[PDB]
>>> print(open('target.txt').read())   # compact mmCIF, N, CA and C atoms
# COMPACT_ATOMS: atom_id res chain seq x y z
N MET T 1 -4.69 -17.38 1.64
CA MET T 1 -3.97 -16.52 2.60
C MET T 1 -4.29 -15.04 2.31
N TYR T 2 -3.47 -14.40 1.44
CA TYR T 2 -3.66 -13.01 1.00
C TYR T 2 -2.67 -12.68 -0.13
N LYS T 3 -2.96 -11.60 -0.86
CA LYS T 3 -2.18 -11.19 -2.04
C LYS T 3 -2.52 -9.75 -2.47
N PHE T 4 -1.86 -9.30 -3.55
CA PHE T 4 -2.08 -7.99 -4.17
C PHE T 4 -2.98 -8.14 -5.40
N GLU T 5 -4.19 -7.58 -5.32
CA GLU T 5 -5.15 -7.57 -6.43
C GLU T 5 -5.00 -6.24 -7.20
N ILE T 6 -4.51 -6.32 -8.45
CA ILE T 6 -4.19 -5.13 -9.26
C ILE T 6 -5.34 -4.87 -10.22
N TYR T 7 -6.02 -3.76 -10.04
CA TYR T 7 -7.14 -3.37 -10.89
C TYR T 7 -7.00 -1.90 -11.27
N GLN T 8 -7.80 -1.45 -12.23
CA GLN T 8 -7.92 -0.02 -12.53
C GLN T 8 -9.32 0.42 -12.11
N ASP T 9 -9.41 1.63 -11.57
CA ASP T 9 -10.67 2.24 -11.15
C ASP T 9 -11.42 2.77 -12.37
N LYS T 10 -12.74 3.04 -12.20
CA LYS T 10 -13.63 3.64 -13.24
C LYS T 10 -13.00 4.88 -13.92
N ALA T 11 -12.21 5.63 -13.14
CA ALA T 11 -11.44 6.82 -13.59
C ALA T 11 -10.21 6.43 -14.46
N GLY T 12 -10.08 5.14 -14.81
CA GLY T 12 -8.91 4.60 -15.51
C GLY T 12 -7.67 4.55 -14.63
N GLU T 13 -7.88 4.53 -13.30
CA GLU T 13 -6.79 4.69 -12.32
C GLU T 13 -6.26 3.34 -11.85
N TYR T 14 -5.18 2.89 -12.51
CA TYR T 14 -4.42 1.70 -12.10
C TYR T 14 -3.99 1.82 -10.62
N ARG T 15 -4.26 0.74 -9.89
CA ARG T 15 -4.10 0.64 -8.44
C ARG T 15 -3.98 -0.82 -8.03
N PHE T 16 -3.63 -1.05 -6.77
CA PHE T 16 -3.54 -2.39 -6.19
C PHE T 16 -3.96 -2.33 -4.73
N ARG T 17 -4.73 -3.34 -4.31
CA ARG T 17 -5.11 -3.54 -2.91
C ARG T 17 -4.34 -4.72 -2.35
N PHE T 18 -4.33 -4.85 -1.02
CA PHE T 18 -3.76 -6.02 -0.33
C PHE T 18 -4.81 -6.58 0.62
N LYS T 19 -4.85 -7.90 0.71
CA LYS T 19 -5.84 -8.64 1.50
C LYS T 19 -5.26 -9.06 2.87
N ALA T 20 -6.09 -9.78 3.63
CA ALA T 20 -5.74 -10.38 4.92
C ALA T 20 -6.26 -11.83 4.94
N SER T 21 -5.71 -12.66 5.85
CA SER T 21 -6.05 -14.10 5.99
C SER T 21 -7.57 -14.35 6.18
N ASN T 22 -8.28 -13.37 6.77
CA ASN T 22 -9.75 -13.43 6.98
C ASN T 22 -10.52 -12.92 5.72
N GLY T 23 -9.81 -12.85 4.57
CA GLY T 23 -10.40 -12.47 3.28
C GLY T 23 -10.97 -11.07 3.26
N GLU T 24 -10.17 -10.10 3.70
CA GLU T 24 -10.59 -8.70 3.83
C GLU T 24 -9.46 -7.77 3.39
N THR T 25 -9.81 -6.71 2.66
CA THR T 25 -8.85 -5.69 2.21
C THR T 25 -8.52 -4.73 3.36
N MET T 26 -7.24 -4.33 3.42
CA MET T 26 -6.70 -3.47 4.48
C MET T 26 -6.12 -2.15 3.91
N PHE T 27 -5.77 -2.12 2.60
CA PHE T 27 -5.47 -0.85 1.91
C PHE T 27 -5.78 -0.95 0.41
N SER T 28 -5.89 0.23 -0.18
CA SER T 28 -5.90 0.45 -1.63
C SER T 28 -4.91 1.57 -1.93
N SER T 29 -4.18 1.44 -3.04
CA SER T 29 -3.09 2.36 -3.39
C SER T 29 -3.55 3.35 -4.47
N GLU T 30 -2.66 4.29 -4.78
CA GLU T 30 -2.79 5.18 -5.93
C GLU T 30 -2.34 4.46 -7.23
N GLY T 31 -1.62 3.32 -7.08
CA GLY T 31 -1.07 2.54 -8.21
C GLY T 31 0.15 3.14 -8.89
N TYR T 32 0.55 4.34 -8.41
CA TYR T 32 1.81 5.03 -8.75
C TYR T 32 1.69 5.82 -10.08
N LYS T 33 1.26 5.13 -11.16
CA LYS T 33 1.09 5.75 -12.50
C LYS T 33 0.27 4.84 -13.43
N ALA T 34 0.75 3.61 -13.63
CA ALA T 34 0.23 2.69 -14.66
C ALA T 34 0.33 1.25 -14.15
N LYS T 35 0.06 0.24 -15.01
CA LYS T 35 0.18 -1.18 -14.63
C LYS T 35 1.64 -1.55 -14.33
N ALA T 36 2.55 -1.17 -15.25
CA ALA T 36 4.00 -1.42 -15.10
C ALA T 36 4.54 -0.80 -13.79
N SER T 37 4.03 0.40 -13.47
CA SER T 37 4.38 1.13 -12.24
C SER T 37 3.74 0.46 -11.01
N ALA T 38 2.57 -0.17 -11.22
CA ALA T 38 1.82 -0.87 -10.17
C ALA T 38 2.59 -2.11 -9.69
N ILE T 39 2.96 -3.01 -10.64
CA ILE T 39 3.79 -4.20 -10.35
C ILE T 39 5.14 -3.79 -9.72
N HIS T 40 5.83 -2.79 -10.32
CA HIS T 40 7.14 -2.28 -9.81
C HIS T 40 7.04 -1.80 -8.35
N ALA T 41 5.91 -1.15 -8.03
CA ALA T 41 5.59 -0.74 -6.66
C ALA T 41 5.50 -1.98 -5.77
N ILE T 42 4.67 -2.95 -6.18
CA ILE T 42 4.49 -4.21 -5.44
C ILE T 42 5.83 -4.98 -5.29
N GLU T 43 6.76 -4.76 -6.25
CA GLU T 43 8.08 -5.39 -6.23
C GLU T 43 8.86 -4.94 -4.99
N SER T 44 8.74 -3.65 -4.64
CA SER T 44 9.30 -3.10 -3.38
C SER T 44 8.82 -3.88 -2.15
N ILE T 45 7.54 -4.29 -2.17
CA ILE T 45 6.91 -4.95 -1.03
C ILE T 45 7.54 -6.35 -0.87
N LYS T 46 7.76 -7.01 -2.02
CA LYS T 46 8.29 -8.39 -2.09
C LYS T 46 9.70 -8.54 -1.52
N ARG T 47 10.41 -7.43 -1.46
CA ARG T 47 11.84 -7.41 -1.08
C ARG T 47 12.04 -7.68 0.43
N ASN T 48 11.46 -6.81 1.28
CA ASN T 48 11.73 -6.81 2.75
C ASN T 48 10.65 -6.01 3.51
N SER T 49 9.50 -5.74 2.88
CA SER T 49 8.44 -4.90 3.49
C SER T 49 7.83 -5.53 4.76
N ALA T 50 7.78 -6.88 4.79
CA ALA T 50 7.39 -7.63 5.99
C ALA T 50 8.38 -7.42 7.16
N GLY T 51 9.62 -7.02 6.83
CA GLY T 51 10.63 -6.66 7.83
C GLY T 51 10.88 -5.15 7.93
N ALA T 52 10.29 -4.36 7.01
CA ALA T 52 10.47 -2.88 6.95
C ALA T 52 9.93 -2.21 8.21
N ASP T 53 10.49 -1.05 8.59
CA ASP T 53 10.04 -0.31 9.78
C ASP T 53 8.71 0.42 9.50
N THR T 54 7.99 0.76 10.56
CA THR T 54 6.76 1.55 10.47
C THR T 54 6.92 2.86 11.27
N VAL T 55 7.21 3.95 10.54
CA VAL T 55 7.41 5.30 11.09
C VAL T 55 6.12 6.12 10.91
N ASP T 56 5.60 6.69 12.01
CA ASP T 56 4.44 7.59 11.97
C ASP T 56 4.90 9.07 12.01
N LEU T 57 4.71 9.78 10.89
CA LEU T 57 4.98 11.23 10.78
C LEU T 57 3.85 12.09 11.40
N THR T 58 2.59 11.60 11.36
CA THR T 58 1.39 12.44 11.65
C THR T 58 1.10 12.61 13.17
N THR T 59 2.07 12.24 14.02
CA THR T 59 2.04 12.56 15.47
C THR T 59 2.44 14.04 15.66
N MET T 60 1.53 14.95 15.25
CA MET T 60 1.79 16.40 15.16
C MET T 60 0.72 17.17 15.96
N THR T 61 1.17 18.07 16.85
CA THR T 61 0.28 18.91 17.68
C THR T 61 -0.46 19.95 16.80
N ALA T 62 -1.80 19.86 16.77
CA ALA T 62 -2.66 20.71 15.94
C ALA T 62 -3.96 21.04 16.70
N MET N 1 17.07 1.88 5.24
CA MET N 1 16.81 1.02 4.06
C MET N 1 15.53 1.50 3.35
N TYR N 2 14.36 1.11 3.89
CA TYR N 2 13.04 1.61 3.49
C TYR N 2 11.99 1.23 4.55
N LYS N 3 10.88 1.98 4.59
CA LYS N 3 9.86 1.88 5.66
C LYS N 3 8.53 2.52 5.25
N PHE N 4 7.54 2.44 6.17
CA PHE N 4 6.21 3.02 6.00
C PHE N 4 6.12 4.36 6.74
N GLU N 5 5.98 5.45 5.98
CA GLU N 5 5.83 6.80 6.53
C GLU N 5 4.32 7.11 6.62
N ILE N 6 3.79 7.23 7.85
CA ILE N 6 2.35 7.41 8.10
C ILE N 6 2.07 8.89 8.34
N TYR N 7 1.33 9.50 7.45
CA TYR N 7 0.99 10.92 7.54
C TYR N 7 -0.51 11.08 7.26
N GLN N 8 -1.04 12.27 7.54
CA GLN N 8 -2.40 12.63 7.10
C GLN N 8 -2.25 13.73 6.03
N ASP N 9 -3.11 13.67 5.02
CA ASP N 9 -3.15 14.64 3.93
C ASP N 9 -3.86 15.91 4.42
N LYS N 10 -3.70 17.03 3.67
CA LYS N 10 -4.37 18.34 3.93
C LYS N 10 -5.89 18.19 4.17
N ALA N 11 -6.49 17.20 3.47
CA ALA N 11 -7.92 16.83 3.60
C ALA N 11 -8.23 16.07 4.93
N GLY N 12 -7.23 16.01 5.84
CA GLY N 12 -7.31 15.23 7.08
C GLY N 12 -7.29 13.73 6.83
N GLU N 13 -6.73 13.32 5.68
CA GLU N 13 -6.81 11.92 5.20
C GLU N 13 -5.58 11.13 5.65
N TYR N 14 -5.72 10.41 6.77
CA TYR N 14 -4.71 9.45 7.25
C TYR N 14 -4.40 8.41 6.16
N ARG N 15 -3.10 8.27 5.91
CA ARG N 15 -2.51 7.48 4.82
C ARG N 15 -1.10 7.03 5.24
N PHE N 16 -0.52 6.14 4.44
CA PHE N 16 0.87 5.70 4.60
C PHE N 16 1.47 5.42 3.23
N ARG N 17 2.73 5.83 3.06
CA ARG N 17 3.52 5.53 1.86
C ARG N 17 4.57 4.48 2.22
N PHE N 18 5.18 3.87 1.20
CA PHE N 18 6.32 2.96 1.37
C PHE N 18 7.46 3.42 0.47
N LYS N 19 8.68 3.30 0.98
CA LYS N 19 9.89 3.77 0.30
C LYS N 19 10.62 2.61 -0.40
N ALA N 20 11.76 2.95 -1.01
CA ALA N 20 12.67 2.00 -1.67
C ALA N 20 14.10 2.33 -1.22
N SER N 21 15.03 1.37 -1.39
CA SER N 21 16.45 1.49 -0.98
C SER N 21 17.16 2.74 -1.57
N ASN N 22 16.71 3.18 -2.75
CA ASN N 22 17.24 4.39 -3.43
C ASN N 22 16.53 5.68 -2.93
N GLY N 23 15.85 5.59 -1.77
CA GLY N 23 15.21 6.72 -1.10
C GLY N 23 14.09 7.35 -1.91
N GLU N 24 13.19 6.52 -2.43
CA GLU N 24 12.09 6.96 -3.31
C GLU N 24 10.80 6.22 -2.96
N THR N 25 9.67 6.94 -2.97
CA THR N 25 8.35 6.38 -2.70
C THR N 25 7.83 5.65 -3.96
N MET N 26 7.15 4.53 -3.72
CA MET N 26 6.62 3.64 -4.77
C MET N 26 5.09 3.50 -4.69
N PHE N 27 4.48 3.78 -3.51
CA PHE N 27 3.01 3.92 -3.40
C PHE N 27 2.64 4.85 -2.24
N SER N 28 1.40 5.33 -2.33
CA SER N 28 0.67 6.00 -1.25
C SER N 28 -0.70 5.34 -1.15
N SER N 29 -1.20 5.16 0.07
CA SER N 29 -2.44 4.42 0.32
C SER N 29 -3.59 5.40 0.60
N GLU N 30 -4.78 4.83 0.78
CA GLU N 30 -5.96 5.56 1.26
C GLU N 30 -5.94 5.66 2.80
N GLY N 31 -5.05 4.86 3.45
CA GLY N 31 -4.92 4.80 4.92
C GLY N 31 -6.04 4.08 5.65
N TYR N 32 -7.04 3.60 4.87
CA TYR N 32 -8.11 2.69 5.31
C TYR N 32 -9.27 3.46 5.99
N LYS N 33 -8.95 4.28 7.01
CA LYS N 33 -9.95 5.07 7.77
C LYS N 33 -9.27 6.14 8.64
N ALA N 34 -8.38 5.70 9.53
CA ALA N 34 -7.79 6.55 10.59
C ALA N 34 -6.35 6.10 10.85
N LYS N 35 -5.70 6.63 11.91
CA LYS N 35 -4.33 6.25 12.29
C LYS N 35 -4.28 4.78 12.74
N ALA N 36 -5.20 4.41 13.66
CA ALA N 36 -5.32 3.04 14.18
C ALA N 36 -5.54 2.02 13.04
N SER N 37 -6.34 2.44 12.05
CA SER N 37 -6.63 1.64 10.84
C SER N 37 -5.41 1.60 9.90
N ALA N 38 -4.61 2.69 9.93
CA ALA N 38 -3.39 2.83 9.11
C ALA N 38 -2.32 1.82 9.57
N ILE N 39 -1.98 1.84 10.88
CA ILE N 39 -1.04 0.87 11.49
C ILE N 39 -1.53 -0.58 11.28
N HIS N 40 -2.83 -0.84 11.57
CA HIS N 40 -3.46 -2.19 11.40
C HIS N 40 -3.32 -2.71 9.96
N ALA N 41 -3.47 -1.79 8.99
CA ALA N 41 -3.24 -2.09 7.58
C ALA N 41 -1.78 -2.51 7.38
N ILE N 42 -0.85 -1.67 7.84
CA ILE N 42 0.60 -1.95 7.75
C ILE N 42 0.96 -3.27 8.46
N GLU N 43 0.17 -3.65 9.48
CA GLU N 43 0.39 -4.90 10.24
C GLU N 43 0.23 -6.10 9.32
N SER N 44 -0.76 -6.04 8.40
CA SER N 44 -0.93 -7.06 7.33
C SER N 44 0.35 -7.25 6.50
N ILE N 45 1.05 -6.12 6.23
CA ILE N 45 2.23 -6.14 5.37
C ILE N 45 3.36 -6.89 6.10
N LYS N 46 3.47 -6.63 7.42
CA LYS N 46 4.53 -7.17 8.28
C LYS N 46 4.50 -8.70 8.40
N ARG N 47 3.33 -9.27 8.12
CA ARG N 47 3.06 -10.71 8.32
C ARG N 47 3.81 -11.58 7.29
N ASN N 48 3.50 -11.38 5.99
CA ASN N 48 3.98 -12.27 4.90
C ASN N 48 3.84 -11.59 3.52
N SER N 49 3.68 -10.26 3.49
CA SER N 49 3.44 -9.51 2.23
C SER N 49 4.64 -9.60 1.26
N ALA N 50 5.86 -9.68 1.83
CA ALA N 50 7.09 -9.93 1.05
C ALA N 50 7.06 -11.32 0.36
N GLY N 51 6.25 -12.24 0.90
CA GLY N 51 6.02 -13.56 0.29
C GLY N 51 4.65 -13.69 -0.38
N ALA N 52 3.76 -12.69 -0.20
CA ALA N 52 2.38 -12.69 -0.76
C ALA N 52 2.40 -12.72 -2.29
N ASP N 53 1.36 -13.30 -2.90
CA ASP N 53 1.25 -13.37 -4.38
C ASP N 53 0.85 -12.00 -4.96
N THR N 54 1.14 -11.80 -6.24
CA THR N 54 0.74 -10.59 -6.98
C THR N 54 -0.17 -10.98 -8.16
N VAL N 55 -1.48 -10.82 -7.95
CA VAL N 55 -2.54 -11.13 -8.94
C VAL N 55 -2.99 -9.83 -9.62
N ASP N 56 -2.96 -9.81 -10.96
CA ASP N 56 -3.45 -8.67 -11.77
C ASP N 56 -4.87 -8.99 -12.31
N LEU N 57 -5.87 -8.27 -11.77
CA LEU N 57 -7.27 -8.34 -12.22
C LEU N 57 -7.49 -7.53 -13.52
N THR N 58 -6.72 -6.44 -13.74
CA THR N 58 -7.03 -5.44 -14.80
C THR N 58 -6.53 -5.90 -16.20
N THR N 59 -6.04 -7.15 -16.28
CA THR N 59 -5.77 -7.83 -17.56
C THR N 59 -7.12 -8.23 -18.20
N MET N 60 -8.10 -8.58 -17.34
CA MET N 60 -9.53 -8.69 -17.69
C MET N 60 -10.33 -7.87 -16.66
N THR N 61 -10.32 -6.53 -16.86
CA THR N 61 -10.76 -5.54 -15.85
C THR N 61 -12.23 -5.74 -15.40
N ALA N 62 -12.49 -5.45 -14.12
CA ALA N 62 -13.79 -5.69 -13.46
C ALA N 62 -14.29 -4.38 -12.81
>>> encode(input="target.txt", output="structure tokens")
Amino acid sequence: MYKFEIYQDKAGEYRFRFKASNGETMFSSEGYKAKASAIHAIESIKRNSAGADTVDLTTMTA
Amino acid sequence: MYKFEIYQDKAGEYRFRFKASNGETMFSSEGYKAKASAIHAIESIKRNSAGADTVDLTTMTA
């Protein structure tokens, strides 16, 4: 199906990506701070993120 | 409760963050490419991400 793949970048930058059913990544994160911070971040997603609202701030006249 | 705030960075970098019930951000993304790509990414989350698995690659980093 899909999941959160938690890796660190060459820069030592702990991060996590999320996949899709067609076996493709749709985002990569900053990872927040560290591995412990990475899982804790993903813990937010596990709660109700599939039901969470999607607000767009960047609808700004420029 | 909590939601996805979609903004663009000073670098013109479309991205989205996710909040927590205590009114605090837990990640910021790369936003994938653009606004359309940002929402499409968040669409993956809406599906089953609250039930998605959490796999850590950086225990044996690649």
>>> interface_residues(input="target.txt", of="chain N", to="chain T", cutoff="5 Å", atoms="only N, CA and C atoms", output="PyMOL selection string")
chain N and resi 2-8+26+28-30+41+45-47+49-50+52-58
>>> calpha_fit_and_write(input="target.txt", fixed="chain N", moving="chain T", output="short mmCIF file (atom, residue, chain, number, x, y, z; two decimals) with N, CA and C atoms, keeping the file's coordinate frame")
data_model
loop_
_atom_site.label_atom_id
_atom_site.label_comp_id
_atom_site.auth_asym_id
_atom_site.auth_seq_id
_atom_site.Cartn_x
_atom_site.Cartn_y
_atom_site.Cartn_z
N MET T 1 17.46 2.15 4.14
CA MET T 1 16.83 1.12 3.28
C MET T 1 15.47 1.63 2.78
N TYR T 2 14.39 1.35 3.55
CA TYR T 2 13.03 1.81 3.26
C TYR T 2 12.10 1.48 4.44
N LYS T 3 10.94 2.14 4.47
CA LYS T 3 9.98 2.03 5.58
C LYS T 3 8.61 2.62 5.20
N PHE T 4 7.67 2.56 6.16
CA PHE T 4 6.32 3.13 6.03
C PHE T 4 6.26 4.48 6.74
N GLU T 5 6.07 5.55 5.97
CA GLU T 5 5.92 6.92 6.49
C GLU T 5 4.41 7.23 6.63
N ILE T 6 3.94 7.37 7.88
CA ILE T 6 2.50 7.53 8.17
C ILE T 6 2.22 9.01 8.39
N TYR T 7 1.44 9.60 7.51
CA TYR T 7 1.07 11.01 7.60
C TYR T 7 -0.43 11.16 7.36
N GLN T 8 -0.97 12.34 7.64
CA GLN T 8 -2.34 12.67 7.24
C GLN T 8 -2.25 13.74 6.16
N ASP T 9 -3.14 13.65 5.18
CA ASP T 9 -3.25 14.61 4.08
C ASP T 9 -3.96 15.87 4.56
N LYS T 10 -3.82 16.98 3.78
CA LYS T 10 -4.51 18.28 4.03
C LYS T 10 -6.02 18.12 4.33
N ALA T 11 -6.63 17.11 3.69
CA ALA T 11 -8.05 16.71 3.87
C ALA T 11 -8.29 16.00 5.23
N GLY T 12 -7.27 15.97 6.11
CA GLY T 12 -7.31 15.22 7.37
C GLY T 12 -7.26 13.72 7.16
N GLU T 13 -6.74 13.29 6.00
CA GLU T 13 -6.82 11.88 5.57
C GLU T 13 -5.56 11.11 5.95
N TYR T 14 -5.64 10.43 7.11
CA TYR T 14 -4.61 9.49 7.57
C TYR T 14 -4.32 8.43 6.48
N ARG T 15 -3.02 8.26 6.22
CA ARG T 15 -2.48 7.44 5.14
C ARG T 15 -1.04 7.05 5.46
N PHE T 16 -0.49 6.15 4.67
CA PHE T 16 0.91 5.71 4.78
C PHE T 16 1.45 5.41 3.40
N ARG T 17 2.70 5.84 3.16
CA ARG T 17 3.45 5.51 1.95
C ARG T 17 4.53 4.49 2.29
N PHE T 18 5.10 3.86 1.26
CA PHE T 18 6.25 2.96 1.41
C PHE T 18 7.34 3.42 0.44
N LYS T 19 8.58 3.33 0.90
CA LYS T 19 9.76 3.79 0.17
C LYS T 19 10.47 2.61 -0.55
N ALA T 20 11.59 2.95 -1.20
CA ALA T 20 12.49 2.01 -1.87
C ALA T 20 13.94 2.36 -1.49
N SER T 21 14.87 1.40 -1.67
CA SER T 21 16.30 1.55 -1.32
C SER T 21 16.97 2.79 -1.98
N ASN T 22 16.45 3.20 -3.15
CA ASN T 22 16.94 4.40 -3.88
C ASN T 22 16.23 5.70 -3.37
N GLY T 23 15.60 5.61 -2.18
CA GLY T 23 14.96 6.75 -1.51
C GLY T 23 13.82 7.35 -2.31
N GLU T 24 12.90 6.50 -2.75
CA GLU T 24 11.78 6.91 -3.60
C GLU T 24 10.50 6.17 -3.18
N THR T 25 9.38 6.89 -3.16
CA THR T 25 8.07 6.31 -2.83
C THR T 25 7.51 5.55 -4.04
N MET T 26 6.85 4.41 -3.75
CA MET T 26 6.30 3.50 -4.76
C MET T 26 4.77 3.34 -4.61
N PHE T 27 4.21 3.64 -3.41
CA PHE T 27 2.74 3.77 -3.25
C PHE T 27 2.40 4.73 -2.11
N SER T 28 1.15 5.18 -2.16
CA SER T 28 0.46 5.87 -1.07
C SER T 28 -0.90 5.21 -0.89
N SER T 29 -1.34 5.07 0.36
CA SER T 29 -2.56 4.32 0.70
C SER T 29 -3.71 5.29 0.99
N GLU T 30 -4.89 4.71 1.21
CA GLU T 30 -6.06 5.42 1.73
C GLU T 30 -5.96 5.57 3.27
N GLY T 31 -5.05 4.79 3.91
CA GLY T 31 -4.86 4.78 5.37
C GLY T 31 -5.94 4.06 6.17
N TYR T 32 -6.96 3.56 5.44
CA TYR T 32 -8.01 2.64 5.93
C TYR T 32 -9.15 3.42 6.64
N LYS T 33 -8.79 4.25 7.64
CA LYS T 33 -9.77 5.06 8.41
C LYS T 33 -9.06 6.16 9.22
N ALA T 34 -8.13 5.75 10.09
CA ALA T 34 -7.52 6.63 11.11
C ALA T 34 -6.06 6.21 11.33
N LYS T 35 -5.37 6.78 12.34
CA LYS T 35 -3.98 6.41 12.67
C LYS T 35 -3.90 4.95 13.16
N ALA T 36 -4.78 4.60 14.11
CA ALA T 36 -4.86 3.23 14.67
C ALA T 36 -5.11 2.19 13.56
N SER T 37 -5.96 2.57 12.60
CA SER T 37 -6.29 1.74 11.43
C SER T 37 -5.11 1.69 10.44
N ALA T 38 -4.32 2.78 10.41
CA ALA T 38 -3.14 2.91 9.54
C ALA T 38 -2.04 1.93 9.97
N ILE T 39 -1.64 1.99 11.27
CA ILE T 39 -0.66 1.04 11.86
C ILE T 39 -1.15 -0.42 11.71
N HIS T 40 -2.43 -0.69 12.06
CA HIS T 40 -3.04 -2.05 11.95
C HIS T 40 -2.95 -2.60 10.52
N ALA T 41 -3.16 -1.71 9.54
CA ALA T 41 -2.98 -2.04 8.12
C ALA T 41 -1.53 -2.45 7.87
N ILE T 42 -0.59 -1.59 8.28
CA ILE T 42 0.85 -1.85 8.12
C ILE T 42 1.27 -3.15 8.85
N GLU T 43 0.52 -3.52 9.92
CA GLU T 43 0.77 -4.73 10.69
C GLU T 43 0.60 -5.97 9.80
N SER T 44 -0.42 -5.94 8.93
CA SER T 44 -0.63 -6.98 7.89
C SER T 44 0.61 -7.18 7.02
N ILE T 45 1.29 -6.06 6.69
CA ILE T 45 2.44 -6.08 5.78
C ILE T 45 3.61 -6.80 6.48
N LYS T 46 3.76 -6.50 7.79
CA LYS T 46 4.86 -7.03 8.63
C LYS T 46 4.84 -8.55 8.78
N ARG T 47 3.68 -9.13 8.56
CA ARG T 47 3.45 -10.57 8.81
C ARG T 47 4.16 -11.46 7.76
N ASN T 48 3.80 -11.29 6.48
CA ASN T 48 4.23 -12.21 5.38
C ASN T 48 4.03 -11.55 4.00
N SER T 49 3.85 -10.23 3.94
CA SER T 49 3.56 -9.52 2.67
C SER T 49 4.71 -9.61 1.65
N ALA T 50 5.96 -9.66 2.17
CA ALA T 50 7.15 -9.92 1.34
C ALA T 50 7.11 -11.33 0.69
N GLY T 51 6.33 -12.24 1.29
CA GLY T 51 6.10 -13.58 0.72
C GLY T 51 4.70 -13.75 0.12
N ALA T 52 3.82 -12.75 0.31
CA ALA T 52 2.41 -12.79 -0.19
C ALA T 52 2.36 -12.85 -1.71
N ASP T 53 1.30 -13.44 -2.28
CA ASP T 53 1.15 -13.55 -3.74
C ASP T 53 0.71 -12.20 -4.34
N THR T 54 0.94 -12.03 -5.64
CA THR T 54 0.50 -10.85 -6.38
C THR T 54 -0.46 -11.28 -7.52
N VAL T 55 -1.77 -11.13 -7.26
CA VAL T 55 -2.85 -11.47 -8.19
C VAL T 55 -3.34 -10.19 -8.89
N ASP T 56 -3.36 -10.21 -10.24
CA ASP T 56 -3.91 -9.11 -11.04
C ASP T 56 -5.35 -9.44 -11.50
N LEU T 57 -6.33 -8.70 -10.96
CA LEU T 57 -7.75 -8.80 -11.36
C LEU T 57 -8.04 -8.03 -12.67
N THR T 58 -7.30 -6.93 -12.94
CA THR T 58 -7.67 -5.95 -14.00
C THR T 58 -7.24 -6.39 -15.43
N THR T 59 -6.85 -7.66 -15.59
CA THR T 59 -6.64 -8.28 -16.92
C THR T 59 -8.01 -8.63 -17.53
N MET T 60 -8.76 -7.58 -17.93
CA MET T 60 -10.17 -7.67 -18.36
C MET T 60 -10.33 -7.05 -19.76
N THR T 61 -10.95 -7.80 -20.68
CA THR T 61 -11.21 -7.34 -22.06
C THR T 61 -12.28 -6.21 -22.07
N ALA T 62 -11.88 -5.02 -22.54
CA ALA T 62 -12.72 -3.82 -22.56
C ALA T 62 -12.45 -3.00 -23.83
#
>>> select_by_dssp(input="target.txt", residues="chain T", states="alpha helix (DSSP H)", output="compact mmCIF listing (two decimals) with N, CA and C atoms, in the frame of the given file")
# COMPACT_ATOMS: atom_id res chain seq x y z
N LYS T 35 0.06 0.24 -15.01
CA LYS T 35 0.18 -1.18 -14.63
C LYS T 35 1.64 -1.55 -14.33
N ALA T 36 2.55 -1.17 -15.25
CA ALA T 36 4.00 -1.42 -15.10
C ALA T 36 4.54 -0.80 -13.79
N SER T 37 4.03 0.40 -13.47
CA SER T 37 4.38 1.13 -12.24
C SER T 37 3.74 0.46 -11.01
N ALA T 38 2.57 -0.17 -11.22
CA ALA T 38 1.82 -0.87 -10.17
C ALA T 38 2.59 -2.11 -9.69
N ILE T 39 2.96 -3.01 -10.64
CA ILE T 39 3.79 -4.20 -10.35
C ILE T 39 5.14 -3.79 -9.72
N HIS T 40 5.83 -2.79 -10.32
CA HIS T 40 7.14 -2.28 -9.81
C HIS T 40 7.04 -1.80 -8.35
N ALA T 41 5.91 -1.15 -8.03
CA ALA T 41 5.59 -0.74 -6.66
C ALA T 41 5.50 -1.98 -5.77
N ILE T 42 4.67 -2.95 -6.18
CA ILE T 42 4.49 -4.21 -5.44
C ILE T 42 5.83 -4.98 -5.29
N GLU T 43 6.76 -4.76 -6.25
CA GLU T 43 8.08 -5.39 -6.23
C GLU T 43 8.86 -4.94 -4.99
N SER T 44 8.74 -3.65 -4.64
CA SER T 44 9.30 -3.10 -3.38
C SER T 44 8.82 -3.88 -2.15
N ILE T 45 7.54 -4.29 -2.17
CA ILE T 45 6.91 -4.95 -1.03
C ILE T 45 7.54 -6.35 -0.87
N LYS T 46 7.76 -7.01 -2.02
CA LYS T 46 8.29 -8.39 -2.09
C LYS T 46 9.70 -8.54 -1.52
N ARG T 47 10.41 -7.43 -1.46
CA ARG T 47 11.84 -7.41 -1.08
C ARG T 47 12.04 -7.68 0.43
N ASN T 48 11.46 -6.81 1.28
CA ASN T 48 11.73 -6.81 2.75
C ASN T 48 10.65 -6.01 3.51
>>> atom_distance(input="target.txt", atom1="atom C of residue 34 (chain T)", atom2="atom C of residue 13 (chain N)")
22.9 Å
>>> axis_aligned_box(input="target.txt", around="region 9-28 of chain T", padding_each_side="4 Å", output="JSON")
{"center_x": -8.6, "center_y": -3.8, "center_z": -4.3, "size_x": 18.1, "size_y": 29.2, "size_z": 30.5}
>>> select_by_dssp(input="target.txt", residues="chain T", states="strand (DSSP E)", output="PyMOL selection string")
chain T and resi 3-8+14-18+27-28+53-56
>>> atom_distance(input="target.txt", atom1="CA of residue 36 (chain N)", atom2="atom N of residue 11 (chain N)")
17.8 Å
>>> atom_distance(input="target.txt", atom1="atom N of residue 62 (chain N)", atom2="atom C of residue 24 (chain T)")
17.9 Å
